[PDB]
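Q: Have a look at the structure that comes next, please.
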Amino acid sequence: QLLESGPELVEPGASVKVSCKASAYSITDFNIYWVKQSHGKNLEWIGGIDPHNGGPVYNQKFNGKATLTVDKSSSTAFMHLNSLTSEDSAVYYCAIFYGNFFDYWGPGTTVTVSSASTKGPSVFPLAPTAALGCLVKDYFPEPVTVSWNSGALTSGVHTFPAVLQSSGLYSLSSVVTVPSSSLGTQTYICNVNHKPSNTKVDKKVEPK
Amino acid sequence: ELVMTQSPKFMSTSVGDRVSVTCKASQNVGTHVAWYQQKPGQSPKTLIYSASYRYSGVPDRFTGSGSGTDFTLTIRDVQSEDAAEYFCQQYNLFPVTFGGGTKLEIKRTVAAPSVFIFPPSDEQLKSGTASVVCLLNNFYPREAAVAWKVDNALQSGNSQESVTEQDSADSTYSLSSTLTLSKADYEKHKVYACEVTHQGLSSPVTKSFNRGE
Ligand SMILES: C[N+]1(Cc2ccc(C(=O)NCCO)cc2)CCCCC1
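Residue numbers (the authors' numbering), protein chains in the order written: chain H, 3 to 52, 52A, 53 to 100, 100A to 100C, 101 to 126, 135 to 214; chain L, 1 to 213.
Spelled out as structure tokens, the structure:
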């Protein structure tokens, strides 16, 4: 039930404000905190704000780097990170909770600090029990999402972690396996979205 | 800062087994500790609060216990969908701190990969480059050697690999090897082959194709 501001590519030394808001309720009448996930996968509590007593609580490690505010009116929580360095590249989550009831995390906001510019991917068909797929090549920054037949196809889908090639551009392929019989009956379209570069492409994969 | 040292760092075990993760606090933190599970491609999800109490919808085969500085998460009927990284959390004293984590892989019978090879799109070639992809699908264990050959000369330096997290349903892995050449390089040779060696195969299997046919 939580939404978060989109992925981000921020130049070193510059800044970034991440938003977070709930769909059917106000997160602002519950406790809200933020958590940073970095080097591989590993968690660090940034700080949090309590709905019933003014003042955000900060972890010293981030004192000076992180500013937490809310806007009770619009039910939105914000995290402002200043003076970004490559060590601020991470997935940032906003979490909500109340006493011993729930404790629910948001989807995540990828954040890459780098002077490079955003580049959308080239999407190439990986032409065909049989396997088929899509090559999603030369995009920056991470991440990108791939889906098959607008979500309709989920069995046997295999999407690979992206590799950073020497050019400094990311690359990955998505694959799916289906019945060979199905090759002349079902159309297979992979849909790629790269939010950062406002790049969204549909690619028909058919037998060459 | 309160340190939470968690172990083991990594653990592999069969479906139906019982295993336990542990965390050591550096200061009695009472029972103000939670346990989180994070599945591949998802945010962490709280399993336990107050060391031994479950959140709604969390299966009973999960249980937490201990106090002071000694905490334990035990999983009693390990299921495939259990494949994840687990974390403990101290919240008795700010700043809140997390343990380093425990990666839980699942032991399954050996299973040989299914090998598929893909030629570059006639559309990619237009732009200057050629990627020849080789897919190894649904195998175990994760260890696998892939060799590229072109006109029977073995390749090195122009390929890259990627592997998926263990599948939650069948506990297999899938891998992709990607051969990147320049258009010219690609049109120089004819036979393109990917050889796969895996302990689930009595002898390396090869999937190849000829350029332009
Ligand atoms: C969320 N939590 C632990 C916890 C997580 C974050 C905070 C926190 O950041 N609080 C700032 C003041 O509101 C405090 C406690 C709540 C209690 C059950 C276990 C999970």
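Even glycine gets a Cβ: it sits at the ideal position worked out from N, Cα and C.
CB-CB under 8 Å to residue 217 of chain L, same chain, minus the five flanking residues each way: which ones, in chain order?
A: Because residue 217 of chain L is not part of the residues shown, which for chain L are 1 to 213, the question remains open.
Q: In angstroms with no decimal places, state the Cα-to-Cα distance between H/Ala24 and H/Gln3.
A: 6 Å
Q: With distances taken between CB atoms, is the gap from L/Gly100 to L/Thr5 smaller than 9 Å?
A: yes
Q: Examine chain H for any beta-carbon lying closer than 9 Å to the beta-carbon of L/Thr102, and answer yes or no.
A: no
Q: Quick one: grab the DSSP three-state call for H/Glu46.
A: Looking at H/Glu46 - three-state DSSP - the assignment turns out to be strand.
Q: Thinking just about the alpha-carbon of each residue, which of L/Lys183, L/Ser171 and L/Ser131 is nearest to the one in L/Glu161?
A: L/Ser131
Q: Go through its chain and collect everything with a Cβ distance to L/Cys134's Cβ below 6 Å, but skip five positions before and after it.
A: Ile117, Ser177 and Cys194
Q: Is the shortest distance between the beta-carbon of H/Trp47 and the beta-carbons of chain L less than 9 Å?
A: yes
Q: Indicate whether at least one CB of chain L lies closer than 9 Å to the CB of H/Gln61.
A: yes
Q: With contact counted as at least three CB pairs below 8 Å, one residue from each stretch, are the segment 140 to 151 of chain H and the segment 74 to 90 of chain L in contact?
A: no
Q: Give every residue of the same chain whose Cβ lies closer than 7 Å to the Cβ of H/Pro123, excluding the five residues on either side of it in the sequence, and list them in chain order.
A: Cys140, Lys209 and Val211
Q: In this structure, does DSSP put H/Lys206 in helix, strand or coil?
A: strand
Q: Let me know the secondary structure DSSP gives L/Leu125 once reduced to three states.
A: If DSSP states are grouped into helix, strand and coil, L/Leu125 belongs with the helices.
Q: Hey, is L/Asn28's beta-carbon within less than 9 Å of any beta-carbon in chain H?
A: no
Q: Roughly how many whole angstroms lie between the Cα atoms of H/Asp101 and L/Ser182?
A: Just so you know, the alpha carbons of H/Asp101 and L/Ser182 end up roughly 51 Å apart.
Q: Taking C-beta pairs closer than 9 Å, name the residues in chain H that L/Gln155 reaches, listed in chain order.
A: Chain H residues near L/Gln155: none, gap ~16 Å exceeds 9 Å.
Q: Give me the subset of the segment 14 to 41 of chain H whose CB atoms are less than 7 Å from a CB atom of chain L, sorted by chain position.
A: none
Q: So that I know if they touch, is there some Cβ in chain L lying closer than 9 Å to that of H/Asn199?
A: no
Q: Starting from the beta carbon of L/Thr206, find every residue of chain H whose beta carbon is closer than 9 Å, and list them in chain order.
A: Chain H residues near L/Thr206: none, gap ~16 Å exceeds 9 Å.
Q: Check L/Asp60 in the structure and name its three-state DSSP category.
A: Reduced to three states, the DSSP call for L/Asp60 is coil.
Q: Using a Cβ-Cβ cut-off of 7 Å (strictly less than) and excluding sequence neighbours within five positions of H/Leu170, which residues of its own chain qualify?
A: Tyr176.
Q: What residues from chain L crowd round H/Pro167, counting only those whose CB sits closer than 7 Å?
A: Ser162
Q: Should L/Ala34 be flagged as near chain H, meaning a C-beta pair shorter than 9 Å?
A: Interface annotation, L/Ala34: in contact with chain H, CB-CB separation under 9 Å.
Q: Checking contacts by CB at 9 Å: is H/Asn54 closer than that to chain L?
A: Interface criterion not met: the Cβ of H/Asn54 is under 9 Å from no Cβ in chain L.
Q: Under 8 Å Cβ-Cβ, which residues of chain L neighbour H/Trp103?
A: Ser43, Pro44 and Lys45
Q: Can you name the residues of chain H whose CB is closer than 8 Å to the CB of L/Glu123?
A: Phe122 and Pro123
Q: Bridge partners of L/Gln89, per DSSP?
A: L/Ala34 and L/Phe98
Q: Taking a cut of 7 Å between CB atoms, which residues from the segment 78 to 107 of chain L lie near chain H?
A: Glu85, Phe87, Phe94, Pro95, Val96, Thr97, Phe98, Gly100 and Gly101
Q: Where H/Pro119 and L/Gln90 are concerned, what is the direct C-alpha to C-alpha distance, given to the nearest angstrom?
A: Approximately 41 Å between the Cα atoms of the pair.
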